[PDB]
């Protein structure tokens, strides 16, 4: 089933070790609520060798399957470690009095493939520039097995 798509930009400044992720938007998200929509927010994790180094999250948008965020996050990653980390992006539904269930997730960086690997490589090909791309969300369990 189609889970939706996430747009984000990546920028990396190797001399400063500064990685900036901008969560731009999502589109066509799986609906998660009785009212036919979702209340989506996005989590970013910086991972290295299966350990969480840093966690960030966006604000929560209400009643929408097509949120616009334009929210920026900064990470410190030394240049000698840049090909060892993963940036994992998860879209979840917020339910204040229930559970927050994941809609789907993707990751870029170490062991990534296809357009995710190309997005990461294009970040490194264009130092300090914010390269944006749309990515298809994948089933949470399946991505978790790739990250393990």
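Residue numbers count along the first chain shown, from 1.
Novice: I need to verify one thing: averaged over C-alpha atoms only, is the B-factor higher for 104 to 112 or for 49 to 57?
Specialist: 49 to 57 has the higher mean C-alpha B-factor.
Novice: Take the C-alpha B-factors listed in the entry for 17 to 25 and for 136 to 144, compute each mean, and give the stretch with the larger one.
Specialist: Per the PDB record, 136 to 144.
Novice: Highest recorded C-alpha temperature factor, please, choosing from 90, 63, 70, 83.
Specialist: Of 90, 63, 70, 83, 63 has the highest C-alpha B-factor.
Novice: Based on the deposited C-alpha B factors for this chain, I'd like to know if residue 37 is in the lowest, middle or highest third.
Specialist: Tercile = highest for this residue's CA B-factor.
Novice: Just say lowest, middle or highest third for the CA B-factor of residue 119 relative to the other modelled residues in its chain.
Specialist: Bottom third by C-alpha B-factor.
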